[PDB]
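In structure tokens, one chain follows: the form deposited in one PDB entry.
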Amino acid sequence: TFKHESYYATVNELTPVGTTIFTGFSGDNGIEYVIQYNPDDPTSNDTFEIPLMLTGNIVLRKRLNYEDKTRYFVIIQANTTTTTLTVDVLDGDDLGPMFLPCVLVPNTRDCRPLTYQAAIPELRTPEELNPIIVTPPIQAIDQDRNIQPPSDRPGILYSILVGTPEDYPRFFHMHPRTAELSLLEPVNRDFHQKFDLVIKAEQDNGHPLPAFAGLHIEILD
């Protein structure tokens, strides 16, 4: 018979296969330990294993994914008595940002491509137009919705990656933190009728994992 009647572990979703994720039967706290097929949670015996049947330590056998599954009920049997180990997956930083709005493409987890829009009158000063209004507003968030603790959450950096015509940096500046768009110089429609830019949103923590969107800017009368 078992000392507690149920047990609990957490595992970061990035934990490599082969890592030992629970040792709590060691130290008088639990004899041959083996994992049972759990009818109520079929995939748990595929995801976790006890390689050394005498110590009862549990090793991760398949790669986890917070987006697919966050809780496992692992039935462990001893030689007879069973117990349930509940294993909660902790969300890890394996995804980058997404721009909003994100309308999912049917039968995917991918956002439908997005082209933000702006329109600038010709021959008017930065002074009269700034900030330039983008529709919908430029806005990105982490696809990782439940990183803990909150101090581990990255910020997002916005930028203009590339664009046509190639002299766009002369006319536009994007704020790296707010995505606010600034005209730097009046535009003459005799020389520029439209700009087509690619905007980037990335994480500031050394793991950019960037998302991209379009920004089309019309130049009016």
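By rigid core we mean the largest C-alpha set that fits within 1.5 Å across both forms. In case it trips you up, residue 1 is the first one in the sequence shown, and so on.
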Check the residues of the deposited sequence separating residue 30 from residue 31 and report how many of them have no coordinates, as none, 1 to 3, 4 to 9, or 10 or more.
10 or more
Here the number of deposited-sequence residues unresolved in the coordinates between residue 79 and residue 80 is 10 or more
Looking at the deposited entry, does 126 to 134 or 92 to 100 carry the larger mean Cα B-factor?
126 to 134
Looking only at C-alpha temperature factors in the entry, 209 to 217 or 12 to 20, the higher average sits in 12 to 20
By the CA temperature factor listed in this entry, which of these ranks top: 55, 182, 65, 164?
55
Highest CA B factor of 178, 38, 70, 159, as deposited, is found at 38
Residue 115: C-alpha B-factor third of its chain, per the entry, is the lowest
Split into thirds by Cα B-factor across the chain's modelled residues, where does residue 153 land: lowest, middle or highest?
lowest
Record-listed C-alpha B factor of residue 141: chain third
lowest
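There is another form of this protein, the form deposited in another entry, and it is not shown here; the text below is about that form.
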Post core alignment: residue 51 C-alpha displaced by 2 Å or more between this form and the one not shown:
yes
Cα displacement of residue 205 between this form and the one not shown reaching 2 Å, rigid core superposed:
no
